[PDB]
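Okay, structure first, notes after.
Protein chains: 2
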Amino acid sequence: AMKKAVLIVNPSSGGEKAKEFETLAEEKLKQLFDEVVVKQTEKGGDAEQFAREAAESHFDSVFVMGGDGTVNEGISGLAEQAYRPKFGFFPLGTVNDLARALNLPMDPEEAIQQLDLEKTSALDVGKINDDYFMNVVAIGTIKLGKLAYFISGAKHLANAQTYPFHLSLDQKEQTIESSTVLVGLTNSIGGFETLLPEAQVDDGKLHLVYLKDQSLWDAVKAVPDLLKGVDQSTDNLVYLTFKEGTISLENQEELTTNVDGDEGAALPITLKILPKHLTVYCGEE
Amino acid sequence: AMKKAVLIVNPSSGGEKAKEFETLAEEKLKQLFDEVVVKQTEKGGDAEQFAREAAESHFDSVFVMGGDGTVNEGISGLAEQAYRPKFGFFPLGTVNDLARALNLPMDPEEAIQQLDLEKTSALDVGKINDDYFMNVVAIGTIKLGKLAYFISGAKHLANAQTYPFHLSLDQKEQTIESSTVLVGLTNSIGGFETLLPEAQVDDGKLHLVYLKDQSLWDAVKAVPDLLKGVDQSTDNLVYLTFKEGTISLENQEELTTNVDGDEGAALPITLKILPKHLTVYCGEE
Ligand SMILES: Nc1ncnc2c1ncn2[C@@H]1O[C@H](COP(=O)(O)O)[C@@H](O)[C@H]1O
Ligand SMILES: Nc1ncnc2c1ncn2[C@@H]1O[C@H](COP(=O)(O)O)[C@@H](O)[C@H]1O
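Protein chains in written order, with the deposited numbering: chain A, 0 to 141, 155 to 297; chain A', 0 to 141, 155 to 297. A prime marks a further copy of an entry chain.
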C-alpha cells in the first residue's frame, strides 16, 4: 500500500555536520516515500532492533546512516526474516567497506543525492553460528618515520600465536597451523579495497585467506602477497572459497573471533553464505 | 678542586612519579658530589644551554633526566667544548635508545641506584653540518588487527618519494635512487635494539643504511632485512660505514632531515664522527 521507510541514524557516526546530513537524507527520503520514520541509535543493539521492527512492520525500505557497526546491526536485524525490506545506507564512518564494494560515493551528501530506488543489487549476507556478518570474520588477529609501522607491525606478527585450526569446508577437511585466518564477503576489508579482488557482493561465496606462517619470518613474507591483492594461494598464504564450513581448534583453547570489527563468537564456528539475501540500493556503476 | 655536578631535569619527561625520581637522583648525586645544581628545562634549547654553561664553568659532571630529546640537547651543549664534563643520564623517556646502547637499566630507580662514577665508557658523537646527533639522521622517512599495521605501513612506503641522492663518503662517490636513508651511531634506533647489531657506541664510525627501492614493491621486500638486523648489504638494502661524508641531491629539492626525532638541517649535509668524544657513565655489562 503506502511506501514506508525507516531511517536509522547513529549520531556518534561522522563529524560536525553529520546532523545536517541527517536532514538532507530525511528530506530526500520524503520525496521518495509517503512516510519516513527517523530512529536514532543510543547504544549497541538499537540499530538491529529498529531494522527488525521495520521488517516485522513490513516497511518497504530500511536506511542506515552510520559506520560499519551500524550497517552490520541493521543488516543483522533483517537477516533471515520472512519478509525483508530493501536496504540502503549513507556512509558516515571512517572506513565504510560495504560502500566501497557497492561503488557508492564516499561523500555522504553525494550518496544521498544519487540515491535511486531503481538502482539495486542483490547482496550476499554472512552467517556465523547464530549471528551475521557483512564484511569479515577475523581469527587470531588481535624518529624512523614510515619505517616504524613495520618495526611495530612486522614485529606484532611475533606476538601472534599460531593455532592448530581444523577447516571443514564444503565437505573438504584439512588441518592447518596458522596465526591468522580471515573470512570475507566482499573485495574490501578494513578499507583496503583490493584485498580480495575476485570477491563480489553477490558471487555467493565466502572467501578465506590464511597465513602459512609458523615463524615470525613466514608471516612477514606474506605481506607483499596481501598488498597485491589475494586471488590465489602462494608460498606464504592460502586462498579458498566455500559456501558452508566449520572452523575449530584441534587443541581446544579459548579463541574468540572478531566480526566486522567487534568481538564475536568463540570457536568452534560454523560459517554459511546467505546468497543474494538482501536487495540493496547501489551505485550507478 | 670541589667536585660539582649539574642535574638537568625535563619535568615533561616520564609519568606520575617522575618528580620522585628527581628527588632520588638528587640525593644520590649529593652522596657523590660536593655540590649539585638542579636545573629544570622549560622549553627547547634549555638543556643544551644548561649543559654548555656547565662546561664553561668546568663542572665535573653533567647529568640529564629525560628522554632522547633532552639527552641530545645535553650532549649538544657539551660537544666540541674545550673542556667537557663527564656525562650521565637517567632515562625517563618512552624509548631511550642511548640507554639501551650503554646497557643501562630501563627502570629509572635502578639506573640511579647503580650509578658508579668508576664505570665509564668513551662515547662517539655525531656531527651534522653545525649541529650534533646521538642516535640517527633519517632522510626521506616522513578490524584486521595486527595486519592493519602493514596495510597502513607497507602502503605508506608508496607515499615515500624516491630521491636521486649523491653520497660522497670517505672520498668514495656514488649516486643512488632511494626513498629512505638512515645514518646511525649505535645499535639501537627508535627502540629497535637490533637494527644495527654491529654498531658500537665507540667504534668510531657512522653507520649508513639505504633502501634499494624504486617501486613500492622493492621497499616492502627490505622489511625482513631490517627486522633481522642490518649487518650487510642485500638485494633490498645497502649497509655502509664511514667517518666523514656529504649527502646531497642530484636534482636539488627542498629535503629536510630528521635528527634524533626532530626536524633538522636541509640537504646538503656533511656528516662527521667525533670518535670517543665524551666520557659517559655506563652499565656494569
Ligand atoms: N548515541 C550513541 N552514542 C554513542 N555511541 C553510539 C550511539 N549509538 C551507537 N553507538 C555506538 O557506535 C558504534 C557503531 O558506530 P559505527 O561503527 O560508526 O556505526 C557501536 O559501538 C555503538 O554501540
Ligand atoms: N617544562 C617543559 N614542559 C613541556 N615540554 C618541555 C619542557 N621542557 C622541555 N620540553 C620539551 O620536551 C621535549 C623533549 O622531551 P624528551 O624527548 O622526553 O626529552 C622537547 O620538545 C622540549 O621542548
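We put the CB at the ideal spot given by N, CA and C, even for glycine.
Please classify residue 57 of chain A as buried or exposed, where buried requires at least 16 other C-beta atoms within 10 Å of its C-beta. exposed
By DSSP, does residue 191 of chain A sit in helix, in strand, or in coil? coil
Looking at C-beta atoms only, is the number of pairs between the stretch 86-103 of chain A' and the stretch 194-211 of chain A' that lie closer than 8 Å three or more? yes
Using only alpha-carbon positions, find the residue among A'/235, A'/219 and A'/175 that is nearest to residue 285 of chain A'. A'/219
Start and end of the beta strand (DSSP E) containing residue 277 of chain A? 274-278
Please confirm if the stretch 171-179 of chain A is in contact with the stretch 243-263 of chain A, defined as three or more CB-CB distances below 8 Å between the two stretches. yes
If you check the beta carbons only, do residue 127 of chain A' and residue 278 of chain A' fall under 8 Å apart? no
For a test of the three-state rule: what should DSSP assign to residue 71 of chain A', helix, strand or coil? helix
Could you check where the alpha helix (DSSP H) with residue 256 of chain A kicks off and where it finishes? It is not in any alpha helix (DSSP H) - residue 256 of chain A instead sits in the beta strand (DSSP E) that spans 256-261.
Residue 19 of chain A' in three-state terms, based on DSSP: helix
Where the alpha helix (DSSP H) containing residue 236 of chain A' begins and where it ends: 235-240
What's the gap between the Cα of residue 251 of chain A and the Cα of residue 233 of chain A? 15 Å
By Cβ distance below 6 Å, which residues in the same chain neighbour residue 13 of chain A' in space, the five residues on each side in sequence not counted? 91
Quick one: does the C-beta of residue 12 of chain A' sit closer than 7 Å to a heavy atom of ligand 2? yes
Quick check: residue 27 of chain A and residue 114 of chain A, are their CB atoms within less than 8 Å of each other? yes
Residue 107 of chain A by DSSP, collapsed to three states: which one? helix
If you drop the 5 nearest sequence neighbours on each side, which residues of the same chain put their C-beta closer than 6 Å to that of residue 200 of chain A? 96, 99 and 100
For residue 136 of chain A', which residues in chain A fall below 8 Å Cβ to Cβ? Chain A residues near residue 136 of chain A': none, gap ~11 Å exceeds 8 Å.
Neighbour flag for residue 140 of chain A' against chain A, beta carbons, 8 Å: yes
Please find out if some non-hydrogen atom of ligand 1 comes closer than 7 Å to the beta-carbon of residue 42 of chain A. yes
Using a Cβ-Cβ distance cut-off of 8 Å, determine whether residue 198 of chain A' contacts chain A. no
If you measure from the beta carbon of residue 65 of chain A to each beta carbon in chain A', is any gap under 8 Å? no
Can we say the stretch 265-272 of chain A touches the stretch 226-242 of chain A, given the rule of at least three CB pairs closer than 8 Å? no
Hey, residue 108 of chain A and residue 23 of chain A: beta-carbon distance below 8 Å or not? yes
Distance cutoff 8 Å, beta carbons only. Does residue 161 of chain A sit that close to anything in chain A'? yes
Counting only Cβ pairs nearer than 9 Å, list the residues of chain A' close to residue 238 of chain A. 159, 162, 163 and 166
Considering only C-alpha positions, which residue in the set A'/221, A'/216 and A'/248 is nearest to residue 231 of chain A'? A'/248
Segment limits, beta strand (DSSP E) that includes residue 284 of chain A': 281-293
On the DSSP bridge assignment, give the partners of residue 90 of chain A in chain order. A/65
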